[PDB]
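Here's the structure, in C-alpha cells; my notes come after.
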Amino acid sequence: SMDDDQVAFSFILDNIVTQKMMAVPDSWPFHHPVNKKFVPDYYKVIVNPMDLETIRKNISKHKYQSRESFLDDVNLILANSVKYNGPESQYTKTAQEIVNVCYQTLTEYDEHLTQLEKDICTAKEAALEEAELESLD
Ligand SMILES: C[C@@H]1COCCN1c1cc(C2([S@](C)(=N)=O)CC2)nc(-c2cccc3[nH]ncc23)n1
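This is the structure in C-alpha cells:
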C-alpha cells in the first residue's frame, strides 16, 4: 500500500532522528525551536529556522517523500548554526555531528529507503493519473 510505504519511510526517518541524531552528546540546542523569549534576536538572523522537533513533526505529517527532502531540513540545522554561531563554534561542531550521524544511518538504510522512495513516487504518480482520468468522467 502507499500508506504502508509512507508509514515505513516516515518511521525509519523518525528512528534516525530519535535514536541517532537526538542521542549526539550535547545536542540539546537543536532538539526544539529556539524560544524567542530566551534568544530575542535569533529570528532576526535566522530566516528559515529548523530543529529536530520540527523535523519529527514533519515526519508525522509525511512531509518527506525522499531522502533529499529530509536532508534539506537536516542540513538547515547545520547551516543555521553556521550563520548564527559561526563555522568554528562548538554549537556548529555539534550540529555537524548530528548531520554526520544522520548521513551514516541513512547510508545504513539506503537500500530500503531508496526502494520505499521509488514505490511512493510510482504510487503517487499513479494516484494522480487515476484522479485526473476520473475527474474527466
Ligand atoms: C542560540 C543557541 C545557539 O544556536 C543554536 C540554538 N541555541 C539555543 C537553543 C536553545 C533552545 S530553547 C531552550 N528552546 O530556546 C532549543 C534549546 N536555547 C538556547 C539558550 C536559551 C537561553 C539562554 C542561552 N544562553 N546560551 C544559549 C541559550 N540556545
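Residue numbering for the sequence shown follows our numbering, beginning at 2 and increasing consecutively. Every residue, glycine too, gets a C-beta built ideally from N, C-alpha and C.
Rounded to the nearest whole angstrom, the CA to CA distance from residue 51 to residue 93 is 14 Å. Annotation: residue 103 to residue 95 spans about 12 Å, alpha carbon to alpha carbon. Residue 82 has its Cβ nearer than 7 Å to a heavy atom of ligand 1. For residue 138, no alpha helix (DSSP H) run applies, since DSSP gives it neither H nor E. Three or more Cβ pairs drawn from the region 51-69 and the region 111-122 lie within less than 8 Å of each other, which places the two stretches in contact. The DSSP-derived three-state label of residue 30 is helix.
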